[PDB]
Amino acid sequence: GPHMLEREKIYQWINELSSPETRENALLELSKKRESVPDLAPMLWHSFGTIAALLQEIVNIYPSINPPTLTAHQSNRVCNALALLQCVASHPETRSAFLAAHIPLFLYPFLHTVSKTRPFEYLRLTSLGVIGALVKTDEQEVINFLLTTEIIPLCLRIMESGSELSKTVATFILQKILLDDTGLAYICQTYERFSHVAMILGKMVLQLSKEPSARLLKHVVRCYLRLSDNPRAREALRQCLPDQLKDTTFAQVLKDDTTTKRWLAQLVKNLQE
């Protein structure tokens, strides 16, 4: 019997993504090697029909999304394809072509769902992971593309009424957008656009008074700090900043993380002039 090397085996699975009779198992095997194979993304991108096969997997479940009928097995399979897209989103050789093909858009219907069943939560979290890995690269062109889409209202809806984990990733995505100069100007260009962000941030602080989440509070504070770099937003935050960020509500929680304290201390200092 022949014992293929590992590179040959990966290419075999990639080739097996073309045909529907072998695709589900190939998706499973490749998704497991996502961490072990550093060049997996260009291997996927430059393979004929492969990216098209993965997008077909995504779109195949669109009819199960609205009305919500998605099964655990359908979510399982499509999230394997999504894990391969996250690999392509985060690799320097494929990231830019990934954006040029507008691939993140195919995940947005998944971000609109509100069903709390495990198949939908698993799909939503996996989709947020693709977008989160995309903005973590700190590339200006990522933010430019996202600003042409509805990503900000999508994140805000999840920040307000998602699971704590979904909220943390949605806030991180908003945080990366705000950290970009164009993104900060975008959100602050209209007082109504800014007001929507601030209202939703303010309500998250009220929840954080009841559910002390260190990871969520860190990114909420960071979004407030970056907003304080815009003069129009900085004047409004002097009045609409929740009182829980001024007293000692999160004092005992923040004593464990000095990085967030300095941010909150630099935030209140930027609101005094």
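Here, rigid core means the biggest group of C-alpha atoms that superpose within 1.5 Å across both forms. All residue numbers refer to positions in the sequence shown, first residue = 1.
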Do the Cα atoms of 233-241 stray more than those of 45-53 in 8 other deposited structures of this protein, or is it the other way round, with the core held fixed?
45-53
C-alpha RMS from this form in 8 other deposited structures of this protein, rigid core superposed: larger for 219-227 or 30-38?
30-38
Higher-scoring stretch by recorded Cα B factor average, 263-271 or 2-10
263-271
Do the CA atoms of 94-102 or those of 184-192 have the higher mean B-factor in the entry?
184-192
So if I compare the CA B-factors in the entry for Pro63, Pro42, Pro212, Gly49, which one is the largest?
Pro212
For the chain shown, is the CA B-factor of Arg118 in the lowest, middle or highest third of its modelled residues?
middle
For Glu16, the third of its chain into which the C-alpha B factor falls:
lowest
Based on the entry's values, in what third of the chain does the Cα temperature factor of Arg157 lie: lowest, middle or highest?
middle
Quick check for you: using the entry's CA B-factors within this chain, is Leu28 in the lowest, middle or highest third?
lowest
Using the temperature factors of the C-alpha atoms in this entry, rank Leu216 within its chain: lowest, middle or highest third.
middle
